[PDB]
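Structure first, then comments.
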Amino acid sequence: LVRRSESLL
Amino acid sequence: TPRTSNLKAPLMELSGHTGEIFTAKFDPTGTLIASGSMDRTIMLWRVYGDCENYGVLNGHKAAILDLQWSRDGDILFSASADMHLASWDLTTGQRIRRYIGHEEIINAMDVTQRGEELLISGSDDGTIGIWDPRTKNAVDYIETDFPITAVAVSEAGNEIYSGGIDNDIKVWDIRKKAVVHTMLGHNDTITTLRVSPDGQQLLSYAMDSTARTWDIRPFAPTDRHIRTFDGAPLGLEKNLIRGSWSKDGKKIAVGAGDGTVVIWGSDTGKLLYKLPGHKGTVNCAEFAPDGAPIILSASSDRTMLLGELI
Amino acid sequence: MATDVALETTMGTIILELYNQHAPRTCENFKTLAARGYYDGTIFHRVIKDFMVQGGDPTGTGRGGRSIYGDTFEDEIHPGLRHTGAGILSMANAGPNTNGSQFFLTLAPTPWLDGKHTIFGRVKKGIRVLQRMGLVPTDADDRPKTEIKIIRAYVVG
Amino acid sequence: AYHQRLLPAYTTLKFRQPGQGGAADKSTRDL
Amino acid sequence: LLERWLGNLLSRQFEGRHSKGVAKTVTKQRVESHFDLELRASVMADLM
Amino acid sequence: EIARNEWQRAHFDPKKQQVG
Amino acid sequence: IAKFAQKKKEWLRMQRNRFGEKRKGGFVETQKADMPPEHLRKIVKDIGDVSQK
Amino acid sequence: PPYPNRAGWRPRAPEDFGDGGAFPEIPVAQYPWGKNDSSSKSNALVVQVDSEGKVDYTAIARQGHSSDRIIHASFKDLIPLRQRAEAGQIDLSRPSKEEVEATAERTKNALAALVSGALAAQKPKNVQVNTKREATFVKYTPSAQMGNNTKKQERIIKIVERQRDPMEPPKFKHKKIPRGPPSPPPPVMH
Amino acid sequence: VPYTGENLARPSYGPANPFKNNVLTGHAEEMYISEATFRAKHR
Amino acid sequence: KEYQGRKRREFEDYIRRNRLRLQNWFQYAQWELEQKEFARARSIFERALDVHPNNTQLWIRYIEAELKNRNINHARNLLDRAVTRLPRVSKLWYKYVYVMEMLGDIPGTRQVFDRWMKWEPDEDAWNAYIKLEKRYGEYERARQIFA
Amino acid sequence: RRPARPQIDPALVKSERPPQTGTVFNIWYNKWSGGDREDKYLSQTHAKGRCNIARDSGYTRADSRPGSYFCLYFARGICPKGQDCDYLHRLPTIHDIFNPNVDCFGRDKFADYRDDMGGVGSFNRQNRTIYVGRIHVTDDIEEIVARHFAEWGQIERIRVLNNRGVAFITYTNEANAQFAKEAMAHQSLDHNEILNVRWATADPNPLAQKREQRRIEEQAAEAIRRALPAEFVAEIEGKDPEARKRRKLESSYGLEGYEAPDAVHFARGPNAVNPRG
Amino acid sequence: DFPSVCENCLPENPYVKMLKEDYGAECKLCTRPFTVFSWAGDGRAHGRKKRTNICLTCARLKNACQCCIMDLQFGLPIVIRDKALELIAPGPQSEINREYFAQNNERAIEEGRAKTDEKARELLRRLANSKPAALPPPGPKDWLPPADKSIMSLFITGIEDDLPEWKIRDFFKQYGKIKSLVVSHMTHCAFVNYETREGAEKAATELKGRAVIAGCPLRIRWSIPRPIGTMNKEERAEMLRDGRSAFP
Ligand SMILES: [Zn+2]
């Protein structure tokens with residue numbers, strides 16, 4: 001799975 | 001490579017001649033370039049700032065084989081295959097005068113940078129000519145038996161180094177009109193003769209693709225040689241390839257027939273550089289006289305390369 | 001004993017054994033250059049079908065070499081090891097002793113490089129990766145049209 | 001190459017002279 | 001005029017006619033037909 | 001498969017093609 | 001001077017050929033001259049009605 | 001076998017090399033992948049792997065295209081740039097005046113060449129002759145061909161444009177060849 | 001660099017191929033010589 | 001050969017007359033398949049793919065026509081091209097996993113399903129992958145599929 | 001020696017229009033137009049001269065120049081210039097070979113044949129076979145064909161398909177075949193007939209097919225044997241047992257049981273590992 | 001901007017004066033206009049202006065010189081090379097498909113896309129293993145001259161297909177002037193008609209009913225000239241056996 005960004009920025 | 005000198009580009013072209021560029025020089029200040037070519041014109045370029053062509057001189061009926069800046073930098077000197085010499089004002093752009101009397105093609109010419117001003121014109125009638133740059137007639141002429149392709153004037157202003165097709169570098173005295181000594185070692189025609197900036201060594205490139213440095217000091221041994229340099233082959237054209245000294249005298253540069261400029265160390269002998277970029281025989285390889293690591297190459301692909309040494 | 005070095009290519013994985021008791025100096029040169037990340041990111045610059053897969057150049061040209069003994073070191077031919085088949089790891093030079101940082105995987109029996117290059121290893125695991133390396137389109141100067149970039153090569157352990 | 005048969009016509013472009021506006025930029029707050 | 005005209009004549013004589021591929025203008029006799037074409041295309045586009 | 005298709009092309013017979 | 005004599009002749013001939021004013025473009029240049037009128041007369045009479053193959 | 005030594009043991013089996021790799025100790029010719037009696041003669045593509053290690057399938061979408069072509073061929077292209085994993089600071093600034101003017105110079109030189117070609121084609125200059133036929137010199141070094149392999153002397157070749165009759169019409173007719181196939185279409189990223 | 005003597009002096013590493021030209025038959029480059037040189041050699 | 005030339009002329013004239021109708025390409029390619037001219041039928045189908053790149057029906061019929069003549073590697077290359085061009089058409093993926101399950105080849109079906117799961121499909125493909133791994137035992141790998 | 005004999009006097013040789021087969025002479029195409037198309041090709045006339053090699057041969061202004069082509073009109077028997085011709089006026093010998101772009105007369109050869117198969121010919125077939133027809137059907141065809149199809153060159157094989165009045169003459173040289181085709185066209189054999197000497201197509205006889213295929217193969221083999229070194233090719237066929245032993249002993253290079261591949265062993269270059277060349 | 005011309009097509013002079021004409025002619029294969037380079041051969045003062053006959057793209061496809069149109073590796077014609085080496089001939093030879101392929105492939109053909117070497121060795125190995133009641137021996141009456149002075153023909157039987165007519169012609173040229181020589185390899189028959197009977201008598205005297213030409217055994221007899229017609233395979237076989245039986 002392609003990773004997402006969880007930084008909420 | 002980072003930037004070394006004060007140029008707009010590390011290396012760049014100068015073009016606009018419609019014929020083979022045979023001789024290119026520098027200002028004594030080091031800011032102006034004057035080039036004469038097969039197309040009977042002289043192009044005057046500005047090195048620094050914007051690299052702009054600012055002058056054209058059109059007076060010669062044949063190819064311009066030499067041109068030399070004066071001691072100050074306002075007079076230009078042309079040797080040309082129309083059997084003439086010429087002095088040019090580089091303020092109005094007009095020709096000051098013409099020097100007449102040579103009966104064949106003039107191959108070489110030199111002016112004295114120290115002392116009185118003279119002109120040294122070697123020509124294929126076997127004649128060196130000593131000219132004053134105010135009278136249209138020659139002060140003197142020394143007659144030889146062989147065509148002369150390279151001349152140089154000494155620091156003292158009384159010795160003429162003449163190279164020609166007799167494979168010898170002859171050193172003559174002006175007031176005596178006689179050779180003081182001959183210098184052997186070459187076996188093909190001498191194309192350049194340049195005295196070192198300090199005046200202690202002599203450079204001579206010839207058509208055997210060997211550049212020889214010679215001891216020139218007056219109290220020298222019987223063999224006045226120093227060293228021999230290889231790696232600058234002469235191609236199919238039998239041009240008069242002219243080399244130069246760096247200001248410190250450490251490096252020598254000679255154009256090759258491969259489109260390359262071969263730079264050696266004058267004292268060590270290593271091949272320091274073999275610079276490509278030309279599609280013809282590099283007729284001239286000159287160093288910047290104002291203490292800069294700048295080399296100008298003029299070649300029969302109608303072009304000049306201005307480069308910096310890094 | 002043989003020590004392992006792992007080439008992580010863009011074709012697969014090649015696990016090489018290295019022969020310390022037969023040609024030592026080349027083997028710790030290879031280990032030190034691999035573990036330092038020096039062989040991380042170079043190319044396999046030359047591929048000749050049925051002859052060679054050669055790489056290791058920092059510049060990817062054919063002239064780079066950064067051996068841990070300075071800039072170059074000497075040859076260590078031991079006659080027990082000869083180029084005898086596909087997949088042999090050897091250290092390549094140019095004439096006399098000029099060993100830099102270029103390695104040389106023989107892809108076929110080549111019994112004419114004996115005594116000229118330093119045999120110092122062997123492909124242990126993953127000979128199919130090298131076989132697919134040999135069968136790549138190379139254009140004119142044995143450099144492949146595509147890139148066979150090496151990423152990692154580690155001591156594993 | 002191309003296949004067109006235009007004779008030359010209006011071979012110089014007109015440029016906005018001073019007083020004709022155009023190539024003179026201000027801030028969008030001023031606008 | 002006549003040399004351009006005869007050059008065009010010799011060009012059709014020696015390298016042929018470029019009959020197909022050029023854009024014809026919308027003259028009066030074509031106006032309504034052109035309108036229909038454009039309108040149909042527009043309607044078709046909206047449908048898609 | 002390219003060679004097998006070449007062989008099948010070089011040996012085609014329009015005798016059993018008439019029946020569906 | 002006897003050994004360096006044919007070399008001198010060859011050098012002088014080569015440099016005069018290369019750098020002479022008469023060969024500014026590599027060759028001797030002349031002016032476009034007028035042909036005899038009978039040349040054109042013969043050409044026009046010969047080609048005729050342009051009926052021969 | 002291990003390696004303190006391997007003498008006295010000849011590979012007889014294809015699995016004797018482990019996964020593969022001929023042993024330098026044995027001075028017998030060894031074939032880790034058997035006889036290469038025939039060539040590879042396979043028209044398959046070179047199978048590559050990616051960074052984490054999987055079979056790379058972007059050689060199929062990029063097939064027939066140059067390396068500077070931008071092709072979206074994975075699900076990673078469907079993710080926003082801000083949410084696209086390894087993505088911190090994103091520079092969203094216009095190029096400076098230097099790059100802008102350099103691109104302007106390059107594109108206007110190319111379009112000026114095109115304008116010159118179009119103007120040459122649009123109205124020919126009545127008579128199409130040029131008597132300034134300056135020669136071009138070529139240094140041609142021959143290779144070996146037609147059997148014999150002797151090194152022939154290198155050649156200097158003068159190439160001059162041929163004098164053309166000013167009255168000659170165009171020599172050949174124009175052929176209407178149908179359009180070639182387009183560039184290989186990209187993946188459909190719905 | 002890469003025009004200095006020590007850069008041209010270093011050779012290309014690795015073995016040689018046991019098994020380039022600009023055109024299909026040889027190598028041809030554009031060159032610049034005087035007209036008189038070509039005429040004299042051709043003569 | 002006269003019949004072949006006349007049929008080829010008729011089919012090419014129908015293709016030149018209206019190239020945006022798939023029936024002409026289908027009939028020409030099927031007919032050239034009937035005289036076992038596989039290179040010709042492949043060329044006709046590839047020209048149709050040049051005219052209709054994103055047509056799923058043309059892709060399906062060309063993969064099927066490749067499969068019914070037992071050209072397995074050609075058809076697998078074709079299915080790779082088809083799922084590369086149209087990764088969001090589940091019909092092509094379903095045919096691709098079905099074909100590489102029919103021919104044995106369970107790790108190949110698994111890696112095709114891995115590519116499909118990389119494309120993040122609908123729930124039906126995940127359920128199909130779980131059913132694949134549940135059919136041949138293999139429950140723990142189905143647990144990572146549920147993860 | 002002997003100068004070239006003038007064949008026909010210049011009084012009989014002119015450049016006039018063809019006979020009037022129409023109403024208007026088209027001067028661009030130089031052909032009569034009008035009339036009826038029932039005329040069309042009409043018939044093939046009888047030519048204005050034959051050739052005697054023993055009588056008409058000599059020297060021209062072409063023996064001094066190397067590379068001069070043979071004369072088409074000396075082959076047609078209607079060349080009036082004699083010794084002043086710029087082309088050769090002799091018979092093509094066996095060493096008169098030409099490249100596959102021109103014939104022996106210098107005319108350019110074409111990509112494909114013409115449907116009415118005559119003319120210069122095509123370079124896509126090394127055709128040394130000439131097709132002659134329109135022979136007066138008698139019983140002594142073979143003797144008169146072998147007598148008259150023999151002064152143009154050296155002949156491999158004449159198959160006379162009698163009863164049809166058709167023969168297929170295969171010379172050993174292509175230039176001799178072109179010379180014979182341009183010499184015997186519209187000539188007479190024994191009676192007043194017009195021979196249709198045209199370019200032969202391909203003999204469907206499978207024996208002739210395998211003969212031609214084989215001859216092509218040893219021609220290419222001769223070229224390859226000229227290209228390769230003698231030891232290399234001698235190892236390549238390996239009919240000589242000593243050459244086989246040399247291959248077994250030489251292709252070892254230290255490692256036993258190698259039997260080096262032909263790409264490595266039969267390789268030519270400066271860096272190859274072999275005696276090279 | 002430079003042609004691909006072999007050395008034997010180029011002049012012997014190392015300095016070549018060459019003319020160049022953009023779109024000077026159509027290529028002799030693909031019929032497209034191309035830049036023609038031309039030069040004067042070593043045949044000074046008359047001959048043919050040698051030129052590039054085909055374009056450069058077709059010269060890459062065929063691997064041939066642009067002037068001579070022969071293979072640039074062995075010096076063979078293109079069709080001879082292709083037939084004897086079984087090569088692909090990479091490109092269509094039809095009318096419109098030629099321009100289509102040249103229009104769509106001119107950038108990959110230049111880079112060497114779309115090396116025989118081993119196939120030449122394969123051809124050499126293939127030609128290494130090439131594989132291409134009896135009548136009594138002839139009595140004296142076969143080579144004795146007949147009483148009829150009008151009898152002139154010499155009949156030869158046993159001729160194989162490998163024997164050309166010219167070998168027979170210059171084998172019998174040493175005996176006298178031959179008026180005619182008819183060799184039918186289809187029927188293995190030959191007729192020699194001399195001009196003088198002395199030459200035929202000498203041929204019968206020093207042949208004695210038997211002959212060997214290039215390893216082929218043949219039988220010679222006196223004969224009145226009769227034609228050779230449509231003839232049975234069994235009769236052909238039995239006189240082939242007779243020609244072999246000329247050497248028992
Ligand atoms: Zn050629």
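Chain labels run A, B, ... following the order of the structure tokens; each chain numbers its residues from 1, and ligands are numbered from 1 in the order shown.
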
May I have the residues within 10 Å of residue 18 (chain E) as a PDB file with C-alpha atoms, in the first residue's frame, using only C-alpha atoms and disregarding those fewer than 6 positions away in the same chain?
ATOM      1  CA  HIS D   3       2.466  24.517 -47.559  1.00  0.00           C
TER       2      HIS D   3
ATOM      3  CA  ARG E  12       0.643  21.838 -60.243  1.00  0.00           C
TER       4      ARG E  12
ATOM      5  CA  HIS H 174       4.011  14.822 -53.726  1.00  0.00           C
ATOM      6  CA  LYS H 175       2.783  11.523 -52.286  1.00  0.00           C
ATOM      7  CA  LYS H 176      -0.176  11.314 -49.898  1.00  0.00           C
TER       8      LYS H 176
END

May I have the residues within 10 Å of ligand 1, computed using only C-alpha atoms and all ligand atoms, as a compact mmCIF listing (two decimals) with C-alpha atoms, in the first residue's frame?
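Output (out-v7.txt):
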# COMPACT_ATOMS: atom_id res chain seq x y z
CA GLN H 145 34.65 -3.57 -45.37
CA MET H 146 33.98 -6.03 -48.21
CA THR I 25 31.31 2.97 -43.49
CA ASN K 99 28.40 -4.13 -59.69
CA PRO K 100 24.64 -4.70 -59.05
CA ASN K 101 23.64 -1.20 -60.12
CA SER L 4 28.13 5.89 -46.71
CA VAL L 5 30.27 4.79 -49.65
CA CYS L 6 32.74 1.89 -49.70
CA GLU L 7 36.41 2.29 -50.57
CA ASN L 8 36.31 0.52 -53.94
CA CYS L 9 33.52 2.84 -55.09
CA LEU L 10 35.50 5.85 -53.89
CA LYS L 50 29.47 7.60 -59.80
CA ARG L 51 26.82 8.52 -57.26
CA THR L 52 24.84 7.36 -54.25
CA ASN L 53 22.05 5.32 -55.82
CA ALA L 64 25.08 -1.76 -48.22
CA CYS L 65 27.13 0.87 -49.99
CA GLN L 66 25.02 3.67 -51.44
CA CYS L 67 26.73 3.40 -54.84
CA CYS L 68 27.40 -0.27 -55.64
CA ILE L 69 24.49 -1.72 -53.58
CA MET L 70 26.55 -4.63 -52.24
CA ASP L 71 26.95 -5.99 -48.72
CA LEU L 72 29.48 -3.99 -46.69
CA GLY L 75 31.14 -7.64 -50.84

Contact set, chain H to chain K: 8 Å, only C-alpha atoms, as a PyMOL selection string: chain H and resi 27-29+146-148

Pull N, CA and C atoms from the residues just selected and write them as a short mmCIF file (atom, residue, chain, number, x, y, z; two decimals), in the first residue's frame.
data_model
loop_
_atom_site.label_atom_id
_atom_site.label_comp_id
_atom_site.auth_asym_id
_atom_site.auth_seq_id
_atom_site.Cartn_x
_atom_site.Cartn_y
_atom_site.Cartn_z
N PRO H 27 40.14 -26.32 -11.07
CA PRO H 27 40.60 -25.89 -12.39
C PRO H 27 39.97 -26.68 -13.53
N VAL H 28 38.65 -26.82 -13.50
CA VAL H 28 37.87 -27.44 -14.56
C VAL H 28 36.80 -26.45 -14.97
N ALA H 29 36.51 -26.39 -16.27
CA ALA H 29 35.45 -25.53 -16.78
C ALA H 29 34.10 -25.90 -16.17
N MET H 146 33.95 -5.14 -47.04
CA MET H 146 33.98 -6.03 -48.21
C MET H 146 35.16 -7.00 -48.15
N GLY H 147 35.22 -7.79 -47.08
CA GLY H 147 36.26 -8.80 -47.02
C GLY H 147 37.53 -8.29 -46.39
N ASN H 148 38.39 -7.71 -47.23
CA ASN H 148 39.75 -7.31 -46.86
C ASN H 148 39.76 -6.34 -45.69
#

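When CA of residue 5 (chain C) is paired with CA of residue 84 (chain C), their separation reads 21.1 Å.
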
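The space between CA of residue 48 (chain C) and CA of residue 110 (chain C) spans 12.5 Å.
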
Selection near residue 16 (chain H), 12 Å with only C-alpha atoms, sequence-local residues under 6 positions removed, as an MDAnalysis selection string: (chainID C and resid 124) or (chainID H and resid 1:2 6 9:10 22:23 30:33)

Keeping only N, CA, C and O atoms, take the residues you just selected and write them out as a compact mmCIF listing (two decimals), in the first residue's frame.
# COMPACT_ATOMS: atom_id res chain seq x y z
N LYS C 124 27.90 -16.37 -4.74
CA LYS C 124 27.38 -17.49 -3.97
C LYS C 124 25.90 -17.71 -4.27
O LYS C 124 25.50 -18.78 -4.75
N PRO H 1 29.51 -27.75 -0.18
CA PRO H 1 30.62 -27.78 0.77
C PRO H 1 31.01 -26.39 1.26
O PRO H 1 30.81 -25.42 0.54
N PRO H 2 31.57 -26.30 2.46
CA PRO H 2 32.07 -25.01 2.97
C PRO H 2 33.39 -24.66 2.30
O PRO H 2 33.89 -25.36 1.42
N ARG H 6 38.08 -26.66 -1.13
CA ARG H 6 37.12 -27.38 -1.95
C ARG H 6 37.78 -28.33 -2.93
O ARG H 6 37.11 -28.80 -3.86
N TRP H 9 36.64 -32.22 -4.89
CA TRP H 9 35.19 -32.28 -5.09
C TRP H 9 34.86 -31.55 -6.38
O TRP H 9 34.96 -30.32 -6.46
N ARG H 10 34.48 -32.31 -7.41
CA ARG H 10 34.06 -31.74 -8.68
C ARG H 10 32.56 -31.50 -8.68
O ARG H 10 31.80 -32.37 -8.23
N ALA H 22 30.55 -20.44 -10.34
CA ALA H 22 31.61 -21.43 -10.49
C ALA H 22 32.73 -21.18 -9.49
O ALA H 22 33.11 -20.04 -9.21
N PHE H 23 33.29 -22.28 -8.98
CA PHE H 23 34.29 -22.21 -7.92
C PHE H 23 35.67 -22.00 -8.52
O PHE H 23 36.10 -22.81 -9.36
N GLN H 30 33.41 -24.90 -15.64
CA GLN H 30 32.20 -25.10 -14.86
C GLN H 30 31.08 -24.24 -15.44
O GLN H 30 31.30 -23.08 -15.80
N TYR H 31 29.89 -24.82 -15.53
CA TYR H 31 28.74 -24.17 -16.17
C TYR H 31 27.61 -24.03 -15.16
O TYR H 31 26.79 -24.95 -15.00
N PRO H 32 27.55 -22.91 -14.43
CA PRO H 32 26.48 -22.73 -13.43
C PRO H 32 25.07 -22.69 -14.01
O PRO H 32 24.12 -22.95 -13.27
N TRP H 33 24.91 -22.36 -15.29
CA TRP H 33 23.59 -22.38 -15.91
C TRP H 33 23.58 -23.22 -17.18
O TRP H 33 22.84 -22.92 -18.12

10 Å contact set for residue 7 (chain A), only C-alpha atoms, chain neighbours under 6 positions out, as JSON, numbers by chain: {"H": [82, 83, 85, 88]}

Proximal residues of chain G relative to chain B (only C-alpha atoms; 12 Å) as number ranges by chain: G: 1-26

Kindly save the residues from that selection, with N, CA and C atoms included, as a PDB file, in the first residue's frame.
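Okay, this is what ended up in part.pdb:
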ATOM      1  N   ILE G   1      74.179  25.828 -49.423  1.00  0.00           N
ATOM      2  CA  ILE G   1      72.871  26.265 -49.890  1.00  0.00           C
ATOM      3  C   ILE G   1      72.354  25.296 -50.946  1.00  0.00           C
ATOM      4  N   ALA G   2      73.201  24.336 -51.324  1.00  0.00           N
ATOM      5  CA  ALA G   2      72.839  23.409 -52.390  1.00  0.00           C
ATOM      6  C   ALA G   2      71.823  22.376 -51.924  1.00  0.00           C
ATOM      7  N   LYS G   3      71.898  21.950 -50.661  1.00  0.00           N
ATOM      8  CA  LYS G   3      70.926  20.989 -50.158  1.00  0.00           C
ATOM      9  C   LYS G   3      69.569  21.644 -49.918  1.00  0.00           C
ATOM     10  N   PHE G   4      69.561  22.895 -49.471  1.00  0.00           N
ATOM     11  CA  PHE G   4      68.325  23.620 -49.185  1.00  0.00           C
ATOM     12  C   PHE G   4      67.911  24.483 -50.373  1.00  0.00           C
ATOM     13  N   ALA G   5      67.878  23.900 -51.569  1.00  0.00           N
ATOM     14  CA  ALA G   5      67.571  24.644 -52.785  1.00  0.00           C
ATOM     15  C   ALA G   5      66.219  24.264 -53.369  1.00  0.00           C
ATOM     16  N   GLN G   6      65.951  22.963 -53.489  1.00  0.00           N
ATOM     17  CA  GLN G   6      64.654  22.509 -53.973  1.00  0.00           C
ATOM     18  C   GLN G   6      63.565  22.746 -52.938  1.00  0.00           C
ATOM     19  N   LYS G   7      63.913  22.630 -51.654  1.00  0.00           N
ATOM     20  CA  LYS G   7      62.984  22.981 -50.586  1.00  0.00           C
ATOM     21  C   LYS G   7      62.623  24.460 -50.637  1.00  0.00           C
ATOM     22  N   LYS G   8      63.603  25.316 -50.944  1.00  0.00           N
ATOM     23  CA  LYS G   8      63.338  26.746 -51.079  1.00  0.00           C
ATOM     24  C   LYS G   8      62.396  27.028 -52.243  1.00  0.00           C
ATOM     25  N   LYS G   9      62.622  26.363 -53.381  1.00  0.00           N
ATOM     26  CA  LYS G   9      61.748  26.530 -54.539  1.00  0.00           C
ATOM     27  C   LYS G   9      60.331  26.060 -54.240  1.00  0.00           C
ATOM     28  N   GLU G  10      60.198  24.908 -53.574  1.00  0.00           N
ATOM     29  CA  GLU G  10      58.878  24.389 -53.230  1.00  0.00           C
ATOM     30  C   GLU G  10      58.159  25.299 -52.240  1.00  0.00           C
ATOM     31  N   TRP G  11      58.882  25.820 -51.241  1.00  0.00           N
ATOM     32  CA  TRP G  11      58.273  26.731 -50.276  1.00  0.00           C
ATOM     33  C   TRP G  11      57.828  28.028 -50.938  1.00  0.00           C
ATOM     34  N   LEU G  12      58.666  28.593 -51.813  1.00  0.00           N
ATOM     35  CA  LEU G  12      58.302  29.825 -52.505  1.00  0.00           C
ATOM     36  C   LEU G  12      57.099  29.618 -53.414  1.00  0.00           C
ATOM     37  N   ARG G  13      57.072  28.505 -54.154  1.00  0.00           N
ATOM     38  CA  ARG G  13      55.942  28.221 -55.031  1.00  0.00           C
ATOM     39  C   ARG G  13      54.661  28.000 -54.236  1.00  0.00           C
ATOM     40  N   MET G  14      54.747  27.259 -53.125  1.00  0.00           N
ATOM     41  CA  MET G  14      53.568  26.989 -52.305  1.00  0.00           C
ATOM     42  C   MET G  14      53.029  28.266 -51.673  1.00  0.00           C
ATOM     43  N   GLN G  15      53.914  29.128 -51.164  1.00  0.00           N
ATOM     44  CA  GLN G  15      53.445  30.357 -50.533  1.00  0.00           C
ATOM     45  C   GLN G  15      52.921  31.365 -51.546  1.00  0.00           C
ATOM     46  N   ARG G  16      53.515  31.426 -52.743  1.00  0.00           N
ATOM     47  CA  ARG G  16      52.974  32.290 -53.786  1.00  0.00           C
ATOM     48  C   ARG G  16      51.620  31.789 -54.274  1.00  0.00           C
ATOM     49  N   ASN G  17      51.455  30.467 -54.372  1.00  0.00           N
ATOM     50  CA  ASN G  17      50.173  29.891 -54.761  1.00  0.00           C
ATOM     51  C   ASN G  17      49.109  30.157 -53.698  1.00  0.00           C
ATOM     52  N   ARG G  18      49.479  30.052 -52.421  1.00  0.00           N
ATOM     53  CA  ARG G  18      48.495  30.186 -51.352  1.00  0.00           C
ATOM     54  C   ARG G  18      48.126  31.639 -51.075  1.00  0.00           C
ATOM     55  N   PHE G  19      49.110  32.535 -51.033  1.00  0.00           N
ATOM     56  CA  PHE G  19      48.905  33.886 -50.528  1.00  0.00           C
ATOM     57  C   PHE G  19      48.989  34.953 -51.613  1.00  0.00           C
ATOM     58  N   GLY G  20      49.058  34.559 -52.882  1.00  0.00           N
ATOM     59  CA  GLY G  20      49.062  35.534 -53.953  1.00  0.00           C
ATOM     60  C   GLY G  20      47.743  36.275 -54.059  1.00  0.00           C
ATOM     61  N   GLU G  21      47.819  37.510 -54.560  1.00  0.00           N
ATOM     62  CA  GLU G  21      46.611  38.310 -54.743  1.00  0.00           C
ATOM     63  C   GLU G  21      45.764  37.795 -55.897  1.00  0.00           C
ATOM     64  N   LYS G  22      46.385  37.121 -56.865  1.00  0.00           N
ATOM     65  CA  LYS G  22      45.669  36.580 -58.014  1.00  0.00           C
ATOM     66  C   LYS G  22      44.807  35.374 -57.661  1.00  0.00           C
ATOM     67  N   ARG G  23      44.958  34.815 -56.464  1.00  0.00           N
ATOM     68  CA  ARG G  23      44.240  33.624 -56.029  1.00  0.00           C
ATOM     69  C   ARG G  23      43.595  33.873 -54.676  1.00  0.00           C
ATOM     70  N   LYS G  24      42.833  34.969 -54.598  1.00  0.00           N
ATOM     71  CA  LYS G  24      42.226  35.402 -53.343  1.00  0.00           C
ATOM     72  C   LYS G  24      41.221  34.389 -52.808  1.00  0.00           C
ATOM     73  N   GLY G  25      40.553  33.651 -53.692  1.00  0.00           N
ATOM     74  CA  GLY G  25      39.630  32.610 -53.292  1.00  0.00           C
ATOM     75  C   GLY G  25      40.119  31.199 -53.513  1.00  0.00           C
ATOM     76  N   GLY G  26      41.395  31.004 -53.836  1.00  0.00           N
ATOM     77  CA  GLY G  26      41.937  29.706 -54.159  1.00  0.00           C
ATOM     78  C   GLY G  26      42.166  29.478 -55.638  1.00  0.00           C
TER      79      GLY G  26
END

Surrounding residues of residue 99 (chain J) excluding itself and chain neighbours under 5 positions, 9 Å, only C-alpha atoms, as a PyMOL selection string: chain J and resi 76+94+104+109

Test item, alpha helix (DSSP H) assignment across chain E, answer as number ranges by chain: E: 2-15, 31-47

Who sits within 10 Å of residue 61 (chain C), only C-alpha atoms, same chain under 6 positions skipped, as number ranges by chain: C: 43-46, 55, 143; I: 12-13
